[PDB]
Amino acid sequence: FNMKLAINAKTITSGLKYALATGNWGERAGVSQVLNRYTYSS
Amino acid sequence: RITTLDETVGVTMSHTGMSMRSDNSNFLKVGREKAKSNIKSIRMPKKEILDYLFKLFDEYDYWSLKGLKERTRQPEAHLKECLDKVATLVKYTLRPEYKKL
Amino acid sequence: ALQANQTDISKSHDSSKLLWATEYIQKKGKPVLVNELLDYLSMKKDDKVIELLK
Amino acid sequence: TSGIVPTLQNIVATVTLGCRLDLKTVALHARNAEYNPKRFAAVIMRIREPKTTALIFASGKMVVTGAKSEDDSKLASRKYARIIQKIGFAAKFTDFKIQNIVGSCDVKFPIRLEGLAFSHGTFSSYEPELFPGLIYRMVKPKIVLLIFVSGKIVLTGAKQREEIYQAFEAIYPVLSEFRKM
Amino acid sequence: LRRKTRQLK
Amino acid sequence: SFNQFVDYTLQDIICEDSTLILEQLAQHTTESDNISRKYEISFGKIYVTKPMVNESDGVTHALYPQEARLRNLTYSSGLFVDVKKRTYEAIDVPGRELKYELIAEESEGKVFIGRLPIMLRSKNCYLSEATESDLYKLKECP
Amino acid sequence: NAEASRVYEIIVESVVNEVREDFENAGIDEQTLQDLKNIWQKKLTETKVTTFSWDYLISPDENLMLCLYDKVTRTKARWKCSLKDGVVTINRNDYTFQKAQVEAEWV
Amino acid sequence: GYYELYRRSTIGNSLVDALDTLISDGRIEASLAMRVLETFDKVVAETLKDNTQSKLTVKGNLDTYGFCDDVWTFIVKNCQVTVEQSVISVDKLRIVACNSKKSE
Amino acid sequence: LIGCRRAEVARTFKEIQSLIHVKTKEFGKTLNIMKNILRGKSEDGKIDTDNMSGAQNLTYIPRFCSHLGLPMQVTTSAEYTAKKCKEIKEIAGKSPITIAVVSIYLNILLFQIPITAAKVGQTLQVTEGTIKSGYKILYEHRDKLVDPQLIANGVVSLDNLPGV
């Protein structure tokens with residue numbers, strides 16, 4: 001039993017990155033969008 | 001509130017991933033528990049082990065291989081030669097030539 | 001050492017003696033009289049193993 | 001060119017008799033015996049004047065080791081055969097072949113192992129954190145060389161005295177080219 | 001027999 | 001909303017399925033093997049570090065938002081949880097309920113469980129405690 | 001050696017005390033214990049070992065030690081043995097030891 | 001099971017002479033004597049393991065070694081033996097040792 | 001291990017053994033065989049460069065100092081010390097891990113970081129005696145193991161290193 005291999009940090013890291021990098025809330029669409037920086041009011 | 005670690009980031013991560021430190025835990029070391037026990041044996045003369053098998057069969061009429069090896073404490077190679085000549089497998093049992101006596 | 005190595009034919013079980021006798025019998029080109037057997041196993045008189053062989 | 005000849009340190013030779021032995025009888029009636037069938041499948045025998053060890057097996061095969069000379073091994077092997085004969089078993093000297101020769105020497109100067117490991121990368125195998133010595137497997141003849149930073153060379157694999165001399169004479173030029181400082 | 005391995009909630 | 005999640009929700013989620021129990025029955029094959037083992041893994045408190053990035057060579061250093069934008073990196077921190085590993089065993093006499101007893105093996109270390117992206121100007125971000133002058137030093141717009 | 005004598009007294013005392021049950025099984029009289037105790041003691045003092053209260057092949061006066069070995073190793077010319085719980089006899093003198101170290105060079 | 005090597009020692013040899021002398025007298029059964037020896041090994045092993053603390057060391061030159069049936073046999077010539085204090089010079093000291101790990 | 005070497009982020013045998021459990025004998029034999037295979041297929045049609053060299057000690061220093069939390073200035077000084085550490089024959093034949101750790105230890109005391117050797121060897125899994133034993137050999141060549149610019153500026157002085 002190796003604790004370093006029993007706990008896979010890639011699961012949490014990629015799961016959060018994927019759901020935030022794209023709009024796919026899973027493993028709903030358009031939940032995350034590239035922030036609009038054309039002007040301050042935008 | 002959740003607790004925040006104020007130590008240097010390079011220090012907190014010294015125990016993560018491929019680190020020079022080696023794990024010193026004995027939890028669920030199943031392979032270690034049984035792999036440690038290992039001992040060999042030697043084939044003894046036929047005239048003595050062969051008699052031992054017949055007394056063993058007299059005690060019980062159906063002896064398993066693992067139990068047979070534990071009692072005999074001898075390599076399976078030599079035991080196989082004598083076992084076939086005397087017993088048969090359906091669990092090994094003594095042949096009717098000697099059992100029917 | 002060889003003389004002491006040779007185990008006495010008085011085995012624990014009569015079945016053991018028959019197995020060696022049968023093996024010794026099979027390795028003979030022609031049938032062997034009882035006299036040959038008596039020389040093989042030191043039981044000159046009528047032994048149960050001899051009867052069991054028949 | 002080098003002017004220094006390596007000195008032999010170990011010779012591994014094997015001898016046979018073609019006869020079966022009783023290890024237990026030999027162990028009980030032999031001066032120097034070590035028979036542990038649970039641990040090893042032979043009887044370990046040693047002699048003093050030549051200071052050699054022999055592993056005598058139940059098949060009549062021996063492996064003499066520790067002899068410092070070809071002729072000294074012959075005396076040791078003959079004495080080993082005589083010891084078996086004196087016990088009573090049928091033992092006769094048979095083919096005597098040297099299976100391995102180990103030599104050692106010193107070049108008396110440091111060597112840049114990194115340079116050798118790079119240029120001669122097809123033969124060298126240097127793992128600093130696993131073994132502190134470079135392993136050079138010469139192709140002709142078939143001999144394995146151990147190179148150390150201190151300038152000590154260990155030669156193993158040679159079967160005759162000529163090959164070990166040739167190997168060192170053929171390796172000195174490639175070693176001097178990579179001499180440190 | 002059994003599966004020699006099970007989880008208790 | 002993010003501060004509430006990081007401060008309280010993270011601990012609550014781990015405090016729902018914290019315990020994982022594996023039960024090894026007697027496996028009656030011989031009278032010398034009649035003990036039944038029970039291994040338990042439990043998750044304790046959860047710790048969150050400051051934003052950081054680990055490079056290819058394995059060096060970890062504090063990451064600031066300006067560097068993350070330029071280096072195409074993810075602005076995230078590390079998550080650590082205290083893990084307690086317990087093992088129970090008992091003599092499983094046939095046809096009787098068992099009484100598991102602690103066998104003097106209770107290990108109790110921090111385990112990395114992934115990286116959590118950090119929202120800027122949050123309690124866990126470097127810019128929450130930075131004054132206007134500090135932001136100018138960090139090349140951040142007030 | 002006082003320690004050797006004390007152990008020897010213990011050994012003889014243990015044998016006679018423990019062997020009583022077996023003799024009763026054989027149905028022998030009680031006096032045989034005294035005779036065995038007496039004869040054995042006279043032999044020990046007769047040996048005068050310690051003070052008492054009462055070629056290439058293998059071929060009392062001979063010094064011999066009987067013991068147990070914990071671990072024996074060698075380095076290419078030297079044998080080192082770690083022994084324990086043994087009794088040794090040297091020059092008609094007997095000793096007992098809980099542990100012993102052997103360090104000999106095999107010429 | 002307990003080893004029978006101790007029968008070769010002074011105490012063991014004296015017991016054999018005593019029991020054998022009684023055997024010649026016919027006052028003790030031969031089978032009974034064997035039982036006594038079997039119990040003799042037990043008591044000697046127990047007392048030696050529990051009631052001794054002396055330490056001695058021997059240094060010399062080996063003249064003959066031997067191992068068989070889990071029993072080493074060394075012969076050290078020109079060896080110095082020290083007990084706990086006083087050194088003893090021995091011309092030829094033979095060593096016989098059985099297993100420390102009791103064979104069941 | 002081969003993959004890490006090709007990426008110039010080579011790890012150590014112990015670091016790999018932490019995750020994959022294989023005894024060193026098999027690990028070493030497999031690596032030598034694998035390298036031979038790569039060489040054999042490289043000539044058939046590269047594979048190795050200056051990075052393929054086993055030692056490549058300079059690559060280990062940045063990670064080791066990071067584990068200890070030392071500043072980048074200390075890391076640069078250690079790199080210079082390790083690079084110049086190969087001129088001494090008494091230390092050149094030592095393992096690169098020990099060379100790097102002892103070099104790091106020398107710089108740790110040079111800058112007076114309050115980190116004891118008991119923890120440096122505990123974190124990097126190196127015997128303290130080996131660290132101190134190597135320090136004695138490395139203590140006699142201190143003048144040649146300190147960056148001339150650092151001493152010239154005045155940041156570090158050779159009198160700040162304790163002497164035995």
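Residues numbered from 1 in each chain as written, not as in the entry; some residues may be left out. Chains lettered and ligands numbered in written order. Part of a larger assembly, values for the part shown. Heavy atoms only, no water. Residues with missing side-chain atoms left out of burial classes, pairs and counts.

Per the deposited record, determination of this structure is attributed to cryo-EM, with the resolution reported as 3.4 Å.

(A) Structural view of the overall build of chain B. Along chain B, the regular secondary structure elements total 6 helices and 3 strands. Sequence-ordered secondary structure for chain B, helices as α and strands as β, is β-α-α-α-α-α-β-β-α. Relative to its length of 101 residues, chain B is extended, with a C-alpha radius of gyration of 27 Å against a globular reference of 13 Å. Taken along the three principal axes of its C-alpha coordinates, chain B extends 85 × 30 × 20 Å. Looking at chain B as a whole, 35% of its 101 residues are labelled buried. For chain B, the exposed surface amounts to about 7,100 Å²; the carbon and sulfur share of it is 53%. Positive and negative side-chain charges of chain B, numbering 21 and 14 respectively, have mean locations separated by a distance of 2 Å. (Helix = DSSP H or I, 4+ residues; strand = E, 2+ residues; numbered from the N terminus. Rg over C-alpha atoms; globule rule 2.2 N^0.38 Å. Buried < 20%, exposed > 50% of the residue type's maximum accessible area, 1.4 Å probe, protein only. Areas by Shrake-Rupley, 256 points an atom, 1.4 Å probe, with all protein chains shown as cover. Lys, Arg positive; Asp, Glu negative; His and termini not counted. Charge placed at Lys NZ, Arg CZ, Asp CG, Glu CD.)

(B) Structural detail: the packing of aromatic side chains. The full count for this structure, using the stated rule, is 25 aromatic pairs over all chains. Each ring, one from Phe-27 of chain B and one from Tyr-39 of chain F, has its centre 5.8 Å from the other, and the planes form 80°; the classification is edge-to-face. Taken together, the residues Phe-27 of chain B in the loop between α1 (9-12) and α2 (30-35) and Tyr-39 of chain F in strand β2 (residues 35-48) connect one chain to another. According to the relative accessible area criterion, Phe-27 of chain B is buried, its value standing at 4%. A relative accessible area of 8% places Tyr-39 of chain F in the buried class. Between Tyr-8 of chain G and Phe-52 of chain G, the aromatic rings sit 5.9 Å apart at their centres with planes inclined by 45°, giving tilted as the arrangement. One end of the pair, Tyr-8 of chain G, is in helix α1 (residues 2-26); the other, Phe-52 of chain G, is in the loop between α2 (31-47) and β1 (63-74), and 44 residues separate them in sequence. Take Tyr-8 of chain G: its relative accessible area is 5%, and that puts it in the buried class. The class for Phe-52 of chain G is buried, based on a relative accessible area of 16%. (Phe/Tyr/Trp six-rings, centres within 6.5 Å; stacked < 30°, edge-to-face > 60°.)

(C) View of the sheet that holds strand β5 (residues 61-65) of chain D. Residue and element names in this part refer to chain D. One open sheet accounts for 9 strands, arranged β3-β4-β5-β1-β6-β10-β9-β8-β7; its pairing is antiparallel. Single-partner strands in this sheet number two, and they are β3 (43-47) and β7 (124-125). Taken together, the 6 bridges between strand β6 (residues 97-106) and strand β10 (residues 152-158) define a ladder with antiparallel strand orientation. Residue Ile-101 lies in a different strand from β10, and its bridge partner there is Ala-158. Across the sheet, helix α2 (residues 70-87) touches β1 (7-16), β3, β4 (52-56), β5 and β6, and the angle it forms with β3 is around 125°. (Pairing = 2+ DSSP bridges. Contact = heavy atoms within 4.5 Å. Axes fitted to C-alpha atoms, helices over the stretch in contact; angles between N-to-C directions.)

(D) View of a positive patch on the surface. Together, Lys-51 and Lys-68 of chain D together with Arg-74, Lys-76, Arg-78 and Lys-80 of chain G make up a positively charged patch on the protein surface. Its location among the elements puts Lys-68 of chain D in the loop between β5 and α2. (Patch = residues over 30% accessible without salt bridge, like charges linked within 9 Å, V, L, I, M, F, W, Y side chains within 5 Å. Salt bridge = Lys/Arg side-chain N within 4 Å of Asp/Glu carboxyl O.)

(E) Quick peek at unusual backbone geometry. Note the cis peptide between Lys-140 of chain D and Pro-141 of chain D, where omega equals -5°. Inspection of the secondary structure assignment puts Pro-141 of chain D in the loop between β8 (134-138) and β9 (143-147). Unusually for a residue other than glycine, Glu-27 of chain A sits at a positive phi of about 40°. Phi is positive for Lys-76 of chain G, which is not a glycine, with a value near 65°. Using a relative accessible area of 66% as the deciding quantity, one classes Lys-76 of chain G as exposed.

(F) The arrangement of the arrangement of the chains in detail. Ranking the 15 pairs of chains in contact by number of contacts places chains G and H first. Between chain C and chain E there is no contact, and the shortest C-alpha to C-alpha separation is 37 Å. In this assembly chain A lies apart from chain H, the nearest approach of their C-alpha atoms being 32 Å.

(G) Looking closely at the interface of chain H and chain G. The interface is formed by 59 residues belonging to chain H together with 59 residues belonging to chain G. Carbon and sulfur atoms supply 67% of the area buried between chain H and chain G, which totals about 5,300 Å² over both sides. Remark: the boundary between chain H and chain G carries 2 salt bridges. For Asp-22 of chain G, the salt bridge identified is with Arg-35 of chain H, shortest N-O distance 3.6 Å. (Buried area = accessible area lost by both parts, 1.4 Å probe.)

(H) Local environment of the interface of chain G and chain D. Contact residues are listed per partner, giving 10 residues for chain G and 11 residues for chain D. When the two sides are added together, the surface that chain G and chain D hide from each other amounts to roughly 1,100 Å², 56% of it contributed by carbon and sulfur. On the chain G side of the contact with chain D, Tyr-56, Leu-57 and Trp-106 of chain G bury the most area, a combined 55% of that side's loss. Counting across the interface, chain G meets chain D through 0 salt bridges. Taken together, the links from chain G to chain D amount to 2 residue pairs in polar contact. The residue makeup of the side of chain G that touches chain D, split by class, is 7 nonpolar, no polar and 3 charged. (Polar contact = N/O pair within 3.5 Å; in protein donor to acceptor, adjacent residues only side chain to side chain. Nonpolar A, V, L, I, M, F, W, Y, C, P; charged D, E, K, R; others polar.)

(I) Focus on the environment of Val-19 of chain G. Here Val-19 of chain G shows up in helix α1. With a relative accessible area of 3%, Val-19 of chain G lands in the buried category. Between the C-alpha atom of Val-19 of chain G and that of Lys-43 of chain G, which follows or precedes it by 24 residues, the distance is 19 Å. The residues touching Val-19 of chain G, leaving out its near neighbours within four places in the chain, are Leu-33 of chain G together with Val-36 of chain H.

(J) Spotlight on the pairing of β9 of chain D. All names here are of chain D. When you tally the buried positions in β9, you get 4 out of 5 residues, the bulk of the element. Where β8 folds back onto β9 in an antiparallel hairpin, the turn is made up of 4 residues. With 4 bridges connecting them, β9 and β10 associate as antiparallel partners. Its bridge partner being in β10, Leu-146 is matched across the sheet by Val-154. Here β9 folds back onto β10 in antiparallel fashion, the turn holding 4 residues, of which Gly-151 has a positive phi close to 90°.

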